[PDB]
Amino acid sequence: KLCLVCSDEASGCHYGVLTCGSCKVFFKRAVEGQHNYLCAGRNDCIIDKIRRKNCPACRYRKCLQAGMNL
Amino acid sequence: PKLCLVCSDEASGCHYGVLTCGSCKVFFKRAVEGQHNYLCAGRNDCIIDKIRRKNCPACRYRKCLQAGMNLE
DNA sequence: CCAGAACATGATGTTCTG
DNA sequence: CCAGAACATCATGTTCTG
Ligand SMILES: [Zn+2]
Ligand SMILES: [Zn+2]
Ligand SMILES: [Zn+2]
Ligand SMILES: [Zn+2]
């Protein structure tokens, strides 16, 4: 039921992992994109339904640690 | 000189009482009028510079107020 | 049911206007 | 020179399509 990356309502098993739709397409664009994402914090941001917008670097990192893969 | 007191980018002039760049100018005005409720994902002390200022509206808004920005 | 594209919408930053 | 609106361009998220 819950996205393992942002804890929003999950939609299905995506890229190996139970995630929401927004996290699905974020992760695909991160991996297949340039993107030199820079954290404004300490590389340990909270990733929420809301706070996931704030830090792509941490969102992407949390995706990987969740086992998201192509 | 001159530098934005909010994000350290080049200031374009004195806006809402403070030396700021144009982007911080419109950001502030947008924030003090808008919805908004912003949430920090870090520890309420994010680095706000030209690079990172898009990351944390909450901290950028905070720096705007600390610098003394206001509508009058 | 899922990947990937598309189509809205959001958030931002520069330019134009008063 | 500055405020506010308008325009353009993102990043993000939902819906359509394979
Ligand atoms: Zn998610
Ligand atoms: Zn971060
Ligand atoms: Zn600024
Ligand atoms: Zn912050």
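Every heavy atom of this structure was used, including side-chain atoms; hydrogens, water molecules and symmetry mates were not. Chain A is the first sequence line, chain B the second, and so forth, proteins listed ahead of strands; every chain is numbered from 1.
- One interatomic measurement links the two molecules: NZ of B/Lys2 to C1' of D/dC1, which rounds to 14 Å at whole-angstrom precision.
- Checking D/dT14, D/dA5, C/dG4 against the side-chain heavy atoms of A/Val25 singles out D/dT14 as nearest.
- Atoms CG (A/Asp48) and P (D/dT12) sit 15 Å apart, rounded to a whole Å.
- B/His36 and B/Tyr38 have tilted rings, their planes meeting at an angle from 30° to 60° on a 0 to 90° scale.
- Nearest to the side-chain atoms of B/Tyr16 among the listed nucleotides C/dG13, C/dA3, D/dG4 stands D/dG4.
- The nearest whole Å value for the distance from the CG atom in A/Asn69 to the P atom in C/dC2 is 16 Å.
- Between atom OG of residue B/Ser8 and atom CD1 of residue B/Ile51 there is a gap of 11.0 Å, rounded to the nearest 0.5 Å.
- Listed pair A/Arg29 / D/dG13 fails the phosphate criterion, with no side-chain N or O lying under 4.0 Å from OP1 or OP2.
- Rounded to whole angstrom, the span from the CZ atom of A/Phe26 across to the P atom of D/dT14 amounts to 14 Å.
- Whole-Å rounding puts the B/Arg53 CZ to C/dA11 P distance at 17 Å.
- Looking at the side chain of B/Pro57, the nearest of the listed nucleotides D/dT12, C/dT12, D/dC2 is C/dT12.
- Side chain of B/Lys54, nearest nucleotide from D/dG13, C/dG4, C/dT12: C/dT12.
- The base-pairing partner of C/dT17, taking Watson-Crick or G-U wobble contacts with both distances under 3.5 Å, is D/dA3.
- In this structure, the ring of B/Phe28 has its center no less than 6.0 angstrom from the ring center of B/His15.
- When the side-chain nitrogen and oxygen atoms of A/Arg51 are compared with OP1 and OP2 of D/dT12, none of them lie within a distance under 4.0 Å.
- For D/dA6, classification of the furanose by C1'-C2'-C3'-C4' yields a south pucker, on the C2'-endo side.
- Between the CG atom of B/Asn55 and the P atom of C/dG13 there is a distance of 11 Å, rounded to whole Å.
- Nucleotide D/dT12 holds its P atom 8 Å from the NE2 atom of A/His35, rounded to whole Å.
- Between the P atom of C/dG13 and the NE2 atom of B/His15 lies a distance of 14 Å, rounded to the nearest Å.
- For B/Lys25 against C/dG13, a side-chain-to-base donor-acceptor contact under 3.5 Å is absent.
- In this structure a side-chain-to-backbone donor-acceptor pair under 3.5 Å is missing from B/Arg52 to A/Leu38.
- Taking 4.0 Å as the cut-off between side-chain N and carboxylate O, B/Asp9 and B/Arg53 count as a salt-bridged pair.
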